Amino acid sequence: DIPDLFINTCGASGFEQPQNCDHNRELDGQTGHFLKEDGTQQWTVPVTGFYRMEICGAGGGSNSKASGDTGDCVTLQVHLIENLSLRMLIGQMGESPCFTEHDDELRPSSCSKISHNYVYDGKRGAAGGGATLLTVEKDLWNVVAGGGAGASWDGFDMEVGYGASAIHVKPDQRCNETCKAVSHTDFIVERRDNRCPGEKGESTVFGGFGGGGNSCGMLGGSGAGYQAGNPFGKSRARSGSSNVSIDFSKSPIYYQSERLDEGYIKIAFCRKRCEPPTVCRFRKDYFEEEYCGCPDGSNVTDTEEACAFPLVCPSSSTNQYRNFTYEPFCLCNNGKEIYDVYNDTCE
């Protein structure tokens, strides 16, 4: 009997990754969740069944004039097998323009929401939020939830960076020398990476862990995402996009967070006790309702024998379901998957 999980930032914000979570090393009794040394977080599925996830990117940093943009969220339902390992990056909010008392004088600096040394405000853009990522097989991010752009200040210039992206992005015509110099390439970025070139180096405002865009001027850094926000766009165009690999969830819901916060992943257990062959599944708006039904999602009322395989497989092929979407399909003995038409066969 386990409560819903809330995979969070462990008190970390801004550029610096999490350092201390509940568990930092794996246990064997309730192996559960723990923090890796690269800033990602592992979780071992404890019970085979349907899970409802909410995956939210981090919001943009804020300046004395304006609040950052909220991260992007995706809510999905996915069937998970016990002992499967999920690796995740929880995006963190972008930092803010400040000054620090270095030596006996005040230099421009970047300040996170958990900064102990923030007393003086700066008059420039703030940085973008990091995206929030989930990988099943640790070869690509099956889920990317976009982060929000940072707060812009009053003016305009081209001294601003894109957040990180999963896939290629053709940048905006206004992304020139500086923008290309400071734009992030991957979500996992190191300290010296993408400071503003030259004199504006100290004035760099760092996007949050998860690839939040830096800023070097008045514009807020764009949010990271499947494709990063456009620093030159209007409204949500500045914030990152989200995508879910269709090999992971059939019907994900994408929406904008109602709050300016760090990233996080909510994992909900399906708790309704269900009479076989029906299992617990979610269906209302945003999967907020648990119900008993055929795991493939079909009505039990189709025929006298509930949850019967709805496909007739051909020749050298057996009866299967897809490990995550529970989509009915036909495994061909030569490797080939006929999760396809009446037409298709085993070559």
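Sequential numbering from 1, following the sequence displayed.
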Completion exercise
Taking the deposited Cα B-factors and averaging over 265-273 and over 186-194, the higher mean is found in 186-194
Fill in the blank from the handout: For 89-97 versus 74-82, entry-based mean Cα B-factors point to 74-82
Practice task
Would you mind finding, among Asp38, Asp296, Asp69, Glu54, the residue with the largest C-alpha temperature factor in the entry?
Solution key: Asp296
Practice task
Tell me, please, which of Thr48, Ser64, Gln42, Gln30 has the highest C-alpha B factor according to the deposited entry?
Solution key: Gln30
Practice task
Classify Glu199 as lowest, middle or highest third according to the C-alpha B-factor given in the PDB entry, relative to its own chain.
Solution key: highest
Exercise for the section: Would you check the entry's CA temperature factor for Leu133 and let me know if it's in the chain's lowest, middle or highest third? Expected result: lowest
Exercise for the section: Tell me, lowest, middle or highest third: where does the Cα B factor of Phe324 rank within its chain? Expected result: middle
Practice task
Could you tell me which third, lowest, middle or highest, the C-alpha B-factor of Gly14 occupies within its chain?
Solution key: lowest
Handout entry: Third assignment of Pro314 from its chain's C-alpha B-factors
Key = highest
